[PDB]
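Novice: got an experimental structure here, sequence first:
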Amino acid sequence: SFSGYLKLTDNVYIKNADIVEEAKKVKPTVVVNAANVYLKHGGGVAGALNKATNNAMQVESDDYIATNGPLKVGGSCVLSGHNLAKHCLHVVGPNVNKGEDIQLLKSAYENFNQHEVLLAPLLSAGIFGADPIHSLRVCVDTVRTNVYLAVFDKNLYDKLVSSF
Ligand SMILES: CCC(=O)Nc1nc(C)cs1
């Protein structure tokens, strides 16, 4: 199963790890992608997960968008996990760098509650511009299912743990 995770709460765990490497190692039932509303997996976690699937995630995502239109900020969709997981839950957290409402971060985390266990990144953190400390607090106060958080940045991981 998941290994080397520090327990933060009854249901939230955290590890300093690259989510792609965690997914290849564990092959979880659900890997969360930090998606945008268009499912254009260019950078950050999205670009890295898509690259690990050899672009299969992007082709599937483009077919989903062509059929259904874009997601909402705070929304999600379940697609294939390809070689990384059974499923990929593409969750859209607000992108603060685009002036998207930070209160939608709680809505984005609520999508995790539809799944018993997930491997996930901190939503809206990194290139999305939100404060990762705030993202972890919203995560622990919103998610009731088992979430295994993979934080890529070591210095960020230490700050998140020491300030929790
Ligand atoms: C290039 C690989 C990469 O960006 N990996 C990332 N893992 C996380 C958890 C965020 S970004």
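Specialist: Now that the structure is in, tell me what you want to look at. Residues are numbered from 1 along each chain as shown.
Novice: what does stretch 122-130 contact?
Specialist: By C-beta atoms under 8 Å, 6 or more residues apart in numbering, the residues outside stretch 122-130 that reach it are 32, 34, 43-45, 91, 93-97, 102, 105, 108-109, 131-132, 135-136, 138-139, 149, 151-153, 156, 160. All C-beta atoms are positioned from the backbone trio N, CA, C, and that covers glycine.
Novice: at 7 Å what do you get?
Specialist: Here stretch 122-130 makes contact (C-beta atoms under 7 Å, 6 or more residues apart in numbering) with 34, 43-44, 91, 93-97, 102, 105, 108-109, 132, 135-136, 139, 149, 151.
Novice: interface residues of this structure facing the ligand?
Specialist: 18, 19, 20, 44, 45, 48, 121, 150, 152 (C-beta under 6 Å from any ligand atom).
Novice: in the host helix or strand of the third one, what counts as buried?
Specialist: Secondary structure assignment for residue 20, by DSSP states H and E: helix 19-26. By neighbour count, and taking 16 or more other C-beta atoms under 10 Å as the criterion, the buried residues in helix 19-26 are 19, 20, 22, 23, 26.
Novice: against residue 150, how distant is the last one?
Specialist: Pointing back at residue 26 there. 10 Å (C-beta to C-beta, to the nearest Å).
Novice: identify the contacts common to those two.
Specialist: Counting by C-beta under 7 Å, 6+ apart, the residues touching both residue 26 and residue 150 are residue 119.
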